[PDB]
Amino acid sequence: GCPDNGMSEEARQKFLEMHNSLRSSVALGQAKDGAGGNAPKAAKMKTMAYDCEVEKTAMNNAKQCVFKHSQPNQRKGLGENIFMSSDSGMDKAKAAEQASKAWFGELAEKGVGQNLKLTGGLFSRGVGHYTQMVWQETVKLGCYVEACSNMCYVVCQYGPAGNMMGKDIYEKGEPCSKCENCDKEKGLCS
């Protein structure tokens, strides 16, 4: 579906499968939380789809080769996770895997806890990459991997944007319990 723009179908596939699989693990109650025990079960965790236009704005960040969050106006209505590795020539699907693990690892390493309301104390804990990956209402994913001179630079963008101050990361409860369209094996809503 997407343009022949330097991004591989293998990396796109890896991004999307990694996000949905890790959203599923959270939703089912299987994700270890460094605050204690596991992340709570999610009532209506939505499945993500790959979006070539979101990819295009992630690309506009990655292609500049500066490790930096974009301004909202450069990614209107989108959230953003960024990652770098010093291995410039890394295979792009390997880089998709490493970045997705790095972001998700905020939950095991730093902790979130049972209270999922996104407060300033929570944001400052350094878990904002993990919260954007598992943000319930975020349903579109687009990413780009750029080989720069001194880094492999990975940007993923997310629509609608997550990490809204004051809102819950996701609604807690039994997997699929607030879903009419459910994949009961993954605990994801379609």
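In this text, rigid core is short for the largest set of C-alphas that superpose within 1.5 Å between two forms. Numbers for residues come from their place in the sequence shown, where the first is 1.
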Farther-lying stretch by C-alpha RMS in 4 other deposited structures of this protein, rigid core as reference, of 119-127 and 139-147
119-127
After core superposition, the stretch with larger RMS C-alpha deviation in 4 other deposited structures of this protein, comparing 177-185 and 163-171, is 177-185
Could you check the entry and say whether 178-186 or 17-25 has the higher mean CA B-factor?
178-186
Averaging CA B factors per stretch from the PDB record, which one is higher: 117-125 or 154-162?
117-125
Using only the C-alpha B-factors in the record, can you name which of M59, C148, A31, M133 has the highest?
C148
Thinking about Cα B factors across the chain, which third does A95 belong to?
lowest
Please say which third, lowest, middle or highest, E106 falls into when its CA temperature factor is compared across its chain.
middle
So, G36's CA B-factor, relative to its chain, sits in which third? The highest
Relative to the other modelled residues in the chain, which third contains the C-alpha temperature factor of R12: lowest, middle or highest?
lowest
Binned into thirds over the chain's modelled residues, the C-alpha B-factor of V54 lands in the lowest
